[PDB]
$ cat input_8.cif   # mmCIF, C-alpha atoms; chains and numbers go by the auth columns
data_model
loop_
_atom_site.group_PDB
_atom_site.id
_atom_site.type_symbol
_atom_site.label_atom_id
_atom_site.label_comp_id
_atom_site.label_asym_id
_atom_site.label_seq_id
_atom_site.Cartn_x
_atom_site.Cartn_y
_atom_site.Cartn_z
_atom_site.B_iso_or_equiv
_atom_site.auth_seq_id
_atom_site.auth_asym_id
ATOM 1 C CA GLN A 1 -13.264 22.097 -1.004 0.00 3 T
ATOM 2 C CA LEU A 2 -14.205 24.882 -3.420 0.00 4 T
ATOM 3 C CA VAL A 3 -17.102 25.144 -5.853 0.00 5 T
ATOM 4 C CA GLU A 4 -17.130 27.324 -9.007 0.00 6 T
ATOM 5 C CA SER A 5 -20.139 29.047 -10.665 0.00 7 T
ATOM 6 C CA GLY A 6 -21.119 32.048 -12.794 0.00 8 T
ATOM 7 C CA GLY A 7 -20.039 30.919 -16.254 0.00 9 T
ATOM 8 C CA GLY A 8 -21.990 31.265 -19.476 0.00 10 T
ATOM 9 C CA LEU A 9 -22.101 32.595 -23.021 0.00 11 T
ATOM 10 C CA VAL A 10 -21.082 36.205 -23.545 0.00 12 T
ATOM 11 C CA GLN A 11 -20.428 38.447 -26.556 0.00 13 T
ATOM 12 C CA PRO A 12 -16.904 39.866 -27.080 0.00 14 T
ATOM 13 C CA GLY A 13 -16.495 42.981 -24.945 0.00 15 T
ATOM 14 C CA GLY A 14 -18.965 41.675 -22.354 0.00 16 T
ATOM 15 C CA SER A 15 -18.679 40.909 -18.623 0.00 17 T
ATOM 16 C CA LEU A 16 -19.187 37.976 -16.192 0.00 18 T
ATOM 17 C CA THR A 17 -18.665 37.509 -12.463 0.00 19 T
ATOM 18 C CA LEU A 18 -17.460 34.051 -11.419 0.00 20 T
ATOM 19 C CA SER A 19 -17.735 32.781 -7.884 0.00 21 T
ATOM 20 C CA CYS A 20 -15.626 30.312 -5.874 0.00 22 T
ATOM 21 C CA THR A 21 -17.296 29.250 -2.576 0.00 23 T
ATOM 22 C CA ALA A 22 -16.683 27.055 0.514 0.00 24 T
ATOM 23 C CA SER A 23 -20.190 27.619 1.743 0.00 25 T
ATOM 24 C CA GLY A 24 -20.110 29.504 5.095 0.00 26 T
ATOM 25 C CA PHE A 25 -16.544 28.328 5.650 0.00 27 T
ATOM 26 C CA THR A 26 -14.273 31.336 5.691 0.00 28 T
ATOM 27 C CA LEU A 27 -11.833 31.673 2.857 0.00 29 T
ATOM 28 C CA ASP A 28 -10.088 34.799 4.149 0.00 30 T
ATOM 29 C CA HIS A 29 -7.678 32.454 5.925 0.00 31 T
ATOM 30 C CA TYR A 30 -6.398 31.123 2.573 0.00 32 T
ATOM 31 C CA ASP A 31 -4.757 32.262 -0.598 0.00 33 T
ATOM 32 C CA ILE A 32 -6.993 31.497 -3.555 0.00 34 T
ATOM 33 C CA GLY A 33 -6.144 31.278 -7.217 0.00 35 T
ATOM 34 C CA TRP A 34 -8.357 31.296 -10.275 0.00 36 T
ATOM 35 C CA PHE A 35 -7.173 29.101 -13.177 0.00 37 T
ATOM 36 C CA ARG A 36 -8.515 28.245 -16.627 0.00 38 T
ATOM 37 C CA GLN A 37 -8.125 25.491 -19.164 0.00 39 T
ATOM 38 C CA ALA A 38 -8.975 26.304 -22.765 0.00 40 T
ATOM 39 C CA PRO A 39 -9.049 23.831 -25.672 0.00 41 T
ATOM 40 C CA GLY A 40 -5.574 22.963 -26.959 0.00 42 T
ATOM 41 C CA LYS A 41 -3.952 25.026 -24.229 0.00 43 T
ATOM 42 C CA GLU A 42 -2.470 23.998 -20.936 0.00 44 T
ATOM 43 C CA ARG A 43 -3.979 24.895 -17.545 0.00 45 T
ATOM 44 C CA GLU A 44 -3.072 28.513 -16.741 0.00 46 T
ATOM 45 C CA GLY A 45 -3.180 30.723 -13.675 0.00 47 T
ATOM 46 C CA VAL A 46 -5.410 33.760 -14.134 0.00 48 T
ATOM 47 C CA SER A 47 -5.522 35.588 -10.792 0.00 49 T
ATOM 48 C CA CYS A 48 -4.707 35.008 -7.128 0.00 50 T
ATOM 49 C CA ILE A 49 -5.741 36.627 -3.881 0.00 51 T
ATOM 50 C CA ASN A 50 -3.174 36.621 -1.077 0.00 52 T
ATOM 51 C CA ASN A 51 -5.129 36.842 2.176 0.00 53 T
ATOM 52 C CA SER A 52 -2.113 36.496 4.288 0.00 54 T
ATOM 53 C CA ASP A 53 -0.380 39.610 2.885 0.00 55 T
ATOM 54 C CA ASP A 54 -3.561 41.319 1.582 0.00 56 T
ATOM 55 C CA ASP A 55 -2.421 41.263 -2.022 0.00 57 T
ATOM 56 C CA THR A 56 -3.625 40.328 -5.539 0.00 58 T
ATOM 57 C CA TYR A 57 -1.929 38.920 -8.652 0.00 59 T
ATOM 58 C CA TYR A 58 -2.975 38.746 -12.340 0.00 60 T
ATOM 59 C CA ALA A 59 -1.725 37.081 -15.524 0.00 61 T
ATOM 60 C CA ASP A 60 -0.380 39.638 -18.015 0.00 62 T
ATOM 61 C CA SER A 61 -3.194 38.692 -20.409 0.00 63 T
ATOM 62 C CA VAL A 62 -6.010 39.678 -17.981 0.00 64 T
ATOM 63 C CA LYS A 63 -4.394 42.652 -16.215 0.00 65 T
ATOM 64 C CA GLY A 64 -6.753 45.593 -16.039 0.00 66 T
ATOM 65 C CA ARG A 65 -9.687 43.490 -17.283 0.00 67 T
ATOM 66 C CA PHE A 66 -10.117 40.972 -14.440 0.00 68 T
ATOM 67 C CA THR A 67 -10.390 41.677 -10.717 0.00 69 T
ATOM 68 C CA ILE A 68 -10.286 39.107 -7.898 0.00 70 T
ATOM 69 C CA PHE A 69 -12.036 39.937 -4.612 0.00 71 T
ATOM 70 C CA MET A 70 -14.108 38.886 -1.620 0.00 72 T
ATOM 71 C CA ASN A 71 -17.173 40.443 0.009 0.00 73 T
ATOM 72 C CA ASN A 72 -18.077 40.783 3.713 0.00 74 T
ATOM 73 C CA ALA A 73 -19.273 37.163 3.833 0.00 75 T
ATOM 74 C CA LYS A 74 -15.644 36.109 3.399 0.00 76 T
ATOM 75 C CA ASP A 75 -16.706 32.668 2.267 0.00 77 T
ATOM 76 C CA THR A 76 -16.540 33.369 -1.460 0.00 78 T
ATOM 77 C CA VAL A 77 -13.809 34.526 -3.822 0.00 79 T
ATOM 78 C CA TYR A 78 -15.089 36.383 -6.903 0.00 80 T
ATOM 79 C CA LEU A 79 -13.532 36.950 -10.309 0.00 81 T
ATOM 80 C CA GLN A 80 -14.925 39.975 -12.125 0.00 82 T
ATOM 81 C CA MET A 81 -14.213 39.595 -15.844 0.00 83 T
ATOM 82 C CA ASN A 82 -14.578 42.723 -17.985 0.00 84 T
ATOM 83 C CA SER A 83 -13.937 43.334 -21.705 0.00 85 T
ATOM 84 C CA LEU A 84 -14.029 39.621 -22.461 0.00 86 T
ATOM 85 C CA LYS A 85 -12.238 38.261 -25.525 0.00 87 T
ATOM 86 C CA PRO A 86 -12.407 34.927 -27.413 0.00 88 T
ATOM 87 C CA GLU A 87 -9.057 34.042 -25.883 0.00 89 T
ATOM 88 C CA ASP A 88 -10.873 34.021 -22.531 0.00 90 T
ATOM 89 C CA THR A 89 -13.048 31.072 -23.600 0.00 91 T
ATOM 90 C CA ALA A 90 -12.245 28.245 -21.142 0.00 92 T
ATOM 91 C CA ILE A 91 -13.346 26.176 -18.137 0.00 93 T
ATOM 92 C CA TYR A 92 -12.460 28.216 -15.008 0.00 94 T
ATOM 93 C CA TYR A 93 -11.385 26.571 -11.731 0.00 95 T
ATOM 94 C CA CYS A 94 -10.311 27.753 -8.279 0.00 96 T
ATOM 95 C CA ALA A 95 -7.994 26.151 -5.753 0.00 97 T
ATOM 96 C CA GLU A 96 -5.811 26.946 -2.789 0.00 98 T
ATOM 97 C CA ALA A 97 -2.605 28.575 -4.024 0.00 99 T
ATOM 98 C CA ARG A 98 -0.458 29.270 -0.999 0.00 100 T
ATOM 99 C CA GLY A 99 1.323 32.613 -1.300 0.00 101 T
ATOM 100 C CA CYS A 100 0.186 33.023 -4.929 0.00 102 T
ATOM 101 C CA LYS A 101 3.592 31.698 -6.029 0.00 103 T
ATOM 102 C CA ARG A 102 3.958 32.239 -9.781 0.00 104 T
ATOM 103 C CA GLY A 103 6.059 29.217 -10.749 0.00 105 T
ATOM 104 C CA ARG A 104 3.782 26.359 -9.680 0.00 106 T
ATOM 105 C CA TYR A 105 1.635 24.060 -11.828 0.00 107 T
ATOM 106 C CA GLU A 106 0.271 21.311 -9.612 0.00 108 T
ATOM 107 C CA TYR A 107 -2.786 22.245 -7.448 0.00 109 T
ATOM 108 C CA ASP A 108 -5.608 20.351 -5.757 0.00 110 T
ATOM 109 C CA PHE A 109 -8.712 21.007 -7.860 0.00 111 T
ATOM 110 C CA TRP A 110 -11.848 19.665 -6.149 0.00 112 T
ATOM 111 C CA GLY A 111 -14.341 21.620 -8.265 0.00 113 T
ATOM 112 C CA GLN A 112 -15.997 20.854 -11.598 0.00 114 T
ATOM 113 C CA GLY A 113 -15.224 24.436 -12.595 0.00 115 T
ATOM 114 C CA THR A 114 -17.498 26.665 -14.666 0.00 116 T
ATOM 115 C CA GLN A 115 -17.441 27.177 -18.458 0.00 117 T
ATOM 116 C CA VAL A 116 -16.990 30.610 -20.038 0.00 118 T
ATOM 117 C CA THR A 117 -17.568 30.997 -23.774 0.00 119 T
ATOM 118 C CA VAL A 118 -16.883 34.271 -25.542 0.00 120 T
ATOM 119 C CA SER A 119 -18.354 34.446 -29.072 0.00 121 T
ATOM 120 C CA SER A 120 -20.314 36.680 -31.471 0.00 122 T
#
$ encode --input "input_8.cif" --output "structure tokens"
Amino acid sequence: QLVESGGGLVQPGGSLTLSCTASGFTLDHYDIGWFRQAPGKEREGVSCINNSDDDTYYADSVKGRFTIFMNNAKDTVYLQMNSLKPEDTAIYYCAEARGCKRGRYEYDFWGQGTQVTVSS
């Protein structure tokens, strides 16, 4: 049971910080993935934090621009998005992604996600 926020309208080159929260409940016991679904495109994995092996994964398209992390609270998983591009325009969702396994499509999405729009 995860809840996304932090979306909005941003100019190309700009920055947003998304959040994924389970409200006091501690997420550091789970592996969490960020996903997005853009218009005309299929659902895609963006980033994943592996809390069992203390590791992080990124799609080739966002490498070096996006960072996934938690703070001390440990109840929220953040997605820092830098140098945003139009191709990043999408609804962003989080979900449990055990082991951040790269070849999986089906996840349990309980959130409404949060919309990110990148335009001039």
$ closest_residue --input "input_8.cif" --among "T:55, T:33, T:110, T:6" --to "residue 21 of chain T" --atoms "only C-alpha atoms"
T:6
$ residues_near_point --input "input_8.cif" --point "(-20.8, 31.8, -12.5)" --cutoff "7 Å" --atoms "only C-alpha atoms" --output "VMD selection string"
chain T and resid 6 to 9 19 to 21 116
$ write_last_selection --input "input_8.cif" --atoms "C-alpha atoms" --output "tab-separated table (two decimals), in the coordinates of the input"
chain	number	residue	atom	x	y	z
T	6	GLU	CA	-17.13	27.32	-9.01
T	7	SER	CA	-20.14	29.05	-10.66
T	8	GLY	CA	-21.12	32.05	-12.79
T	9	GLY	CA	-20.04	30.92	-16.25
T	19	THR	CA	-18.66	37.51	-12.46
T	20	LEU	CA	-17.46	34.05	-11.42
T	21	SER	CA	-17.74	32.78	-7.88
T	116	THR	CA	-17.50	26.66	-14.67
$ residues_around --input "input_8.cif" --residues "residue 119 of chain T" --least-positions-apart "2" --cutoff "10 Å" --atoms "all atoms listed in the file" --output "number ranges by chain"
T: 9-14, 40, 86-93, 117, 121-122
$ residues_around --input "input_8.cif" --residues "segment 97-106 of chain T" --least-positions-apart "2" --cutoff "6 Å" --atoms "only C-alpha atoms" --output "list in words"
residues 33, 34, 35, 50 and 111 of chain T
$ atom_distance --input "input_8.cif" --atom1 "atom CA of residue 81 of chain T" --atom2 "atom CA of residue 69 of chain T"
5.7 Å
$ resolve_selection --input "input_8.cif" --expression "the PyMOL selection byres ((chain T and resi 17) around 6)" --output "ChimeraX atom specification"
/T:16,18,83-84
$ resolve_selection --input "input_8.cif" --expression "the PyMOL selection byres ((chain T and resi 47) around 9)" --output "PyMOL selection string"
chain T and resi 35-38+45-46+48-50+60-61+104+107
$ resolve_selection --input "input_8.cif" --expression "the PyMOL selection byres ((chain T and resi 5) around 8)" --output "short mmCIF file (atom, residue, chain, number, x, y, z; two decimals) with C-alpha atoms, keeping the file's coordinate frame"
data_model
loop_
_atom_site.label_atom_id
_atom_site.label_comp_id
_atom_site.auth_asym_id
_atom_site.auth_seq_id
_atom_site.Cartn_x
_atom_site.Cartn_y
_atom_site.Cartn_z
CA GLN T 3 -13.26 22.10 -1.00
CA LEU T 4 -14.20 24.88 -3.42
CA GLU T 6 -17.13 27.32 -9.01
CA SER T 7 -20.14 29.05 -10.66
CA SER T 21 -17.74 32.78 -7.88
CA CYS T 22 -15.63 30.31 -5.87
CA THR T 23 -17.30 29.25 -2.58
CA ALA T 24 -16.68 27.06 0.51
CA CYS T 96 -10.31 27.75 -8.28
CA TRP T 112 -11.85 19.66 -6.15
CA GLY T 113 -14.34 21.62 -8.26
CA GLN T 114 -16.00 20.85 -11.60
CA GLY T 115 -15.22 24.44 -12.60
#
$ residues_around --input "input_8.cif" --residues "residue 30 of chain T" --least-positions-apart "2" --cutoff "7 Å" --atoms "all atoms listed in the file" --output "PyMOL selection string"
chain T and resi 28+32+53+76
$ atom_distance --input "input_8.cif" --atom1 "atom CA of residue 78 of chain T" --atom2 "atom CA of residue 95 of chain T"
13.4 Å
$ atom_distance --input "input_8.cif" --atom1 "atom CA of residue 65 of chain T" --atom2 "atom CA of residue 15 of chain T"
14.9 Å
$ closest_residue --input "input_8.cif" --among "T:59, T:29, T:52, T:85" --to "residue 73 of chain T" --atoms "only C-alpha atoms"
T:29
$ closest_residue --input "input_8.cif" --among "T:51, T:44, T:57, T:25" --to "residue 70 of chain T" --atoms "all atoms listed in the file"
T:51
$ closest_residue --input "input_8.cif" --among "T:109, T:80, T:94, T:71" --to "residue 39 of chain T" --atoms "all atoms listed in the file"
T:94
$ axis_aligned_box --input "input_8.cif" --around "segment 55-66 of chain T" --padding-each-side "6 Å" --output "AutoDock Vina command-line options"
--center_x -3.6 --center_y 41.3 --center_z -8.8 --size_x 18.4 --size_y 20.5 --size_z 35.3
$ closest_residue --input "input_8.cif" --among "T:31, T:82, T:41, T:77" --to "residue 56 of chain T" --atoms "all atoms listed in the file"
T:31
$ decode --input "input_8.cif" --residues "segment 74-105 of chain T" --atoms "N, CA, C and O atoms" --output "mmCIF file, in the first residue's frame"
data_model
loop_
_atom_site.group_PDB
_atom_site.id
_atom_site.type_symbol
_atom_site.label_atom_id
_atom_site.label_comp_id
_atom_site.auth_asym_id
_atom_site.auth_seq_id
_atom_site.Cartn_x
_atom_site.Cartn_y
_atom_site.Cartn_z
ATOM 1 N N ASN T 74 16.068 9.199 6.605
ATOM 2 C CA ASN T 74 16.075 8.566 7.925
ATOM 3 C C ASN T 74 14.723 7.964 8.324
ATOM 4 O O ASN T 74 14.665 6.916 8.967
ATOM 5 N N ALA T 75 13.646 8.644 7.945
ATOM 6 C CA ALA T 75 12.292 8.198 8.257
ATOM 7 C C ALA T 75 12.094 6.732 7.865
ATOM 8 O O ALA T 75 11.494 5.943 8.607
ATOM 9 N N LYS T 76 12.603 6.395 6.686
ATOM 10 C CA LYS T 76 12.570 5.030 6.170
ATOM 11 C C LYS T 76 11.156 4.558 5.815
ATOM 12 O O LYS T 76 10.941 3.370 5.582
ATOM 13 N N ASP T 77 10.225 5.490 5.706
ATOM 14 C CA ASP T 77 8.891 5.170 5.340
ATOM 15 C C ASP T 77 8.523 5.698 3.928
ATOM 16 O O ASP T 77 7.445 5.554 3.475
ATOM 17 N N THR T 78 9.482 6.334 3.309
ATOM 18 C CA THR T 78 9.267 6.936 2.001
ATOM 19 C C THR T 78 10.420 6.650 1.074
ATOM 20 O O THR T 78 11.573 6.695 1.496
ATOM 21 N N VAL T 79 10.102 6.343 -0.183
ATOM 22 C CA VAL T 79 11.107 6.152 -1.221
ATOM 23 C C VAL T 79 11.013 7.306 -2.206
ATOM 24 O O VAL T 79 9.955 7.499 -2.821
ATOM 25 N N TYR T 80 12.102 8.059 -2.364
ATOM 26 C CA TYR T 80 12.100 9.234 -3.244
ATOM 27 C C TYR T 80 12.700 8.960 -4.607
ATOM 28 O O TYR T 80 13.550 8.096 -4.751
ATOM 29 N N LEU T 81 12.262 9.719 -5.604
ATOM 30 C CA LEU T 81 12.879 9.666 -6.926
ATOM 31 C C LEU T 81 13.253 11.076 -7.353
ATOM 32 O O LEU T 81 12.393 11.840 -7.778
ATOM 33 N N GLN T 82 14.528 11.412 -7.213
ATOM 34 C CA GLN T 82 15.030 12.700 -7.672
ATOM 35 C C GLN T 82 15.155 12.660 -9.194
ATOM 36 O O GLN T 82 15.803 11.785 -9.733
ATOM 37 N N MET T 83 14.542 13.607 -9.888
ATOM 38 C CA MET T 83 14.599 13.625 -11.337
ATOM 39 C C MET T 83 15.225 14.918 -11.817
ATOM 40 O O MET T 83 14.610 15.986 -11.698
ATOM 41 N N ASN T 84 16.450 14.833 -12.337
ATOM 42 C CA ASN T 84 17.184 15.995 -12.821
ATOM 43 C C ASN T 84 17.224 16.005 -14.345
ATOM 44 O O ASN T 84 16.974 14.985 -14.987
ATOM 45 N N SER T 85 17.550 17.164 -14.917
ATOM 46 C CA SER T 85 17.648 17.334 -16.373
ATOM 47 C C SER T 85 16.494 16.690 -17.133
ATOM 48 O O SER T 85 16.708 15.891 -18.042
ATOM 49 N N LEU T 86 15.275 17.050 -16.757
ATOM 50 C CA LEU T 86 14.096 16.414 -17.320
ATOM 51 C C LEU T 86 13.951 16.701 -18.812
ATOM 52 O O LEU T 86 14.315 17.778 -19.301
ATOM 53 N N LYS T 87 13.438 15.706 -19.528
ATOM 54 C CA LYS T 87 13.197 15.811 -20.964
ATOM 55 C C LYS T 87 11.748 15.435 -21.285
ATOM 56 O O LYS T 87 11.109 14.723 -20.509
ATOM 57 N N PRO T 88 11.238 15.895 -22.435
ATOM 58 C CA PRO T 88 9.867 15.591 -22.855
ATOM 59 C C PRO T 88 9.568 14.093 -22.797
ATOM 60 O O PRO T 88 8.435 13.685 -22.510
ATOM 61 N N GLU T 89 10.581 13.276 -23.045
ATOM 62 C CA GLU T 89 10.379 11.843 -23.052
ATOM 63 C C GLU T 89 10.066 11.355 -21.646
ATOM 64 O O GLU T 89 9.608 10.226 -21.471
ATOM 65 N N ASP T 90 10.308 12.207 -20.646
ATOM 66 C CA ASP T 90 10.010 11.844 -19.257
ATOM 67 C C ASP T 90 8.564 12.128 -18.854
ATOM 68 O O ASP T 90 8.147 11.796 -17.748
ATOM 69 N N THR T 91 7.805 12.760 -19.749
ATOM 70 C CA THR T 91 6.396 13.047 -19.495
ATOM 71 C C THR T 91 5.612 11.732 -19.355
ATOM 72 O O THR T 91 5.605 10.905 -20.278
ATOM 73 N N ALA T 92 4.976 11.535 -18.196
ATOM 74 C CA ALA T 92 4.275 10.285 -17.897
ATOM 75 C C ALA T 92 3.584 10.330 -16.532
ATOM 76 O O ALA T 92 3.835 11.236 -15.739
ATOM 77 N N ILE T 93 2.708 9.361 -16.265
ATOM 78 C CA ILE T 93 2.227 9.117 -14.903
ATOM 79 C C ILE T 93 3.189 8.155 -14.226
ATOM 80 O O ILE T 93 3.441 7.078 -14.776
ATOM 81 N N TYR T 94 3.711 8.531 -13.054
ATOM 82 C CA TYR T 94 4.721 7.735 -12.333
ATOM 83 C C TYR T 94 4.089 6.978 -11.178
ATOM 84 O O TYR T 94 3.327 7.559 -10.399
ATOM 85 N N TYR T 95 4.404 5.680 -11.073
ATOM 86 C CA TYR T 95 3.869 4.811 -10.026
ATOM 87 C C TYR T 95 4.965 4.060 -9.269
ATOM 88 O O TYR T 95 6.010 3.788 -9.845
ATOM 89 N N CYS T 96 4.790 3.720 -8.010
ATOM 90 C CA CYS T 96 5.662 2.823 -7.322
ATOM 91 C C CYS T 96 4.971 1.525 -6.878
ATOM 92 O O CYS T 96 3.814 1.454 -6.773
ATOM 93 N N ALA T 97 5.749 0.521 -6.631
ATOM 94 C CA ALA T 97 5.226 -0.775 -6.233
ATOM 95 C C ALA T 97 6.354 -1.630 -5.695
ATOM 96 O O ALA T 97 7.525 -1.372 -5.964
ATOM 97 N N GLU T 98 6.001 -2.645 -4.926
ATOM 98 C CA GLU T 98 7.011 -3.596 -4.490
ATOM 99 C C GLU T 98 7.565 -4.379 -5.676
ATOM 100 O O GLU T 98 6.805 -4.972 -6.452
ATOM 101 N N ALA T 99 8.887 -4.398 -5.798
ATOM 102 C CA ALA T 99 9.561 -5.099 -6.877
ATOM 103 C C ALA T 99 10.666 -5.958 -6.285
ATOM 104 O O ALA T 99 11.823 -5.545 -6.235
ATOM 105 N N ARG T 100 10.308 -7.115 -5.780
ATOM 106 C CA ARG T 100 11.244 -7.954 -5.073
ATOM 107 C C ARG T 100 12.533 -8.236 -5.825
ATOM 108 O O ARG T 100 12.493 -8.711 -6.899
ATOM 109 N N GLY T 101 13.659 -7.892 -5.235
ATOM 110 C CA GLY T 101 14.962 -8.086 -5.849
ATOM 111 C C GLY T 101 15.276 -7.220 -7.058
ATOM 112 O O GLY T 101 16.319 -7.406 -7.686
ATOM 113 N N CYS T 102 14.390 -6.280 -7.395
ATOM 114 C CA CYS T 102 14.612 -5.398 -8.547
ATOM 115 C C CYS T 102 14.961 -6.185 -9.808
ATOM 116 O O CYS T 102 15.851 -5.796 -10.570
ATOM 117 N N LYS T 103 14.264 -7.305 -10.003
ATOM 118 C CA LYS T 103 14.498 -8.184 -11.152
ATOM 119 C C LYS T 103 14.074 -7.501 -12.451
ATOM 120 O O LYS T 103 12.945 -7.014 -12.562
ATOM 121 N N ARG T 104 14.971 -7.473 -13.433
ATOM 122 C CA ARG T 104 14.796 -6.630 -14.616
ATOM 123 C C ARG T 104 13.824 -7.159 -15.680
ATOM 124 O O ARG T 104 13.388 -6.405 -16.555
ATOM 125 N N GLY T 105 13.472 -8.435 -15.616
ATOM 126 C CA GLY T 105 12.651 -9.011 -16.668
ATOM 127 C C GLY T 105 11.179 -9.213 -16.347
ATOM 128 O O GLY T 105 10.531 -10.071 -16.941
#
